[PDB]
K.L.:
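So that we are looking at the same thing, I have put the structure below in structure tokens.
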Amino acid sequence: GXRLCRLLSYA
Amino acid sequence: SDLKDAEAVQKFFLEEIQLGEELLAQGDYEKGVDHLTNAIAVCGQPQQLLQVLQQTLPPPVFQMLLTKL
């Protein structure tokens, strides 16, 4: 797990 | 709010998203959604997170997530 957090930061 | 206060919220937010994602990978849809709901609950403006989740989840799973808020 973790790809979701990474995706959320990207911005 | 100092840095400790925001840091504890950021950390809880990140833990819940991680658990959310793992549980759903394992197909425990109910607990995964519970964890995602906790992360959404702590955001003053969850619209972007919700749009990302809509792109990432199967429609009935996202639906379900909406009923819980």
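So you know, we letter chains A, B, ... as the sequences are listed, proteins then strands, and number each from 1.
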K.L.:
Run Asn38(B) and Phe13(B) through side-chain contact (heavy atoms from CB on, under 4.5 Å) and show every step you take.
P.N.:
CA-CA 8 Å; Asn38(B) 294 344; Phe13(B) 173 78; over 6 Å; no

K.L.:
Do other residues, nucleotides or ligands put more than 12 heavy atoms under 6.0 Å from the CD atom of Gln45(B)?
P.N.:
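Counting neighbours around CD of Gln45(B), 12 or fewer heavy atoms of other residues, nucleotides or ligands fall under 6.0 Å, so no.
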
K.L.:
Is the closest side-chain heavy-atom distance between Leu36(B) and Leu23(B) below 4.5 Å?
P.N.:
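In short, these two side chains do not touch, never coming nearer than 4.5 Å.
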
K.L.:
What distance do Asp34(B) atom CG and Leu19(B) atom CG have between them, rounded to the nearest 0.5 Å?
P.N.:
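Those atoms lie 11.0 Å apart.
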
K.L.:
Nearest 0.5 Å please: distance from the OG1 atom of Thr56(B) over to the CD atom of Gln51(B).
P.N.:
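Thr56(B) OG1 to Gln51(B) CD: 10.5 Å, rounded to 0.5 Å.
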
K.L.:
So, do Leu14(B) and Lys11(B) sit near enough that their side-chain heavy atoms are less than 4.5 Å apart?
P.N.:
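SC-SC contact between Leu14(B) and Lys11(B) ruled out.
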
K.L.:
First locate atom NZ of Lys68(B), then atom CD of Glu30(B), and finally report the distance between them rounded to the nearest 0.5 Å.
P.N.:
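If we round to the nearest 0.5 Å, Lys68(B):NZ and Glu30(B):CD are 6.0 Å apart.
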
K.L.:
Which residue in the set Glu21(B), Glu22(B), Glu15(B) passes side-chain hydrogen bond (donor to acceptor under 3.5 Å, both in side chains) when paired with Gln18(B)?
P.N.:
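Among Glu21(B), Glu22(B), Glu15(B), the one meeting side-chain hydrogen bond (donor to acceptor under 3.5 Å, both in side chains) with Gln18(B) is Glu22(B).
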
K.L.:
Does the side chain of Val33(B) reach to within under 4.5 Å of the side chain of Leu24(B), using non-hydrogen atoms?
P.N.:
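Result yes, sub-4.5 Å side-chain heavy-atom pair found.
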
K.L.:
Measuring from atom CG of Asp5(B) to atom CD of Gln10(B), what distance do you get when rounded to the nearest 0.5 angstrom?
P.N.:
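Going from CG on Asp5(B) over to CD on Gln10(B), the span is 10.5 Å.
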
K.L.:
About how many Å separate CG of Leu8(A) and CG of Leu53(B), when rounded to the nearest 0.5 Å?
P.N.:
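If I round to the nearest 0.5 Å, the distance is 7.0 Å.
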
K.L.:
Tell me, yes or no, whether the heavy-atom count around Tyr29(B) atom OH, taken from other residues, nucleotides or ligands under 6.0 Å, exceeds 12.
P.N.:
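Not more than 12 within 6.0 Å, no.
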
K.L.:
Let's go through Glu7(B) and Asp2(B) carefully: what are the C-alpha distance in whole Å and the side-chain angles of both, what is the deciding distance for side-chain contact (heavy atoms from CB on, under 4.5 Å) to 0.1 Å, and is it a yes or a no?
P.N.:
CA-CA 9 Å; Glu7(B) 281 185 24; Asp2(B) 66 4; over 6 Å; no

K.L.:
If every non-hydrogen atom of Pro46(B) is compared with every non-hydrogen atom of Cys43(B), which pair is closest and at what distance?
P.N.:
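That would be CD-O, 3.9 Å.
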
K.L.:
Quick one: do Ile40(B) and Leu49(B) satisfy side-chain contact (heavy atoms from CB on, under 4.5 Å)? Show the steps, please.
P.N.:
CA-CA 8 Å; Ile40(B) 295 158; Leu49(B) 166 62; 3.6 Å; yes

K.L.:
Heavy-atom distance under 4.5 Å between the side chains of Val52(B) and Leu7(A), does that happen here?
P.N.:
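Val52(B) reaches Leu7(A) side chain to side chain.
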
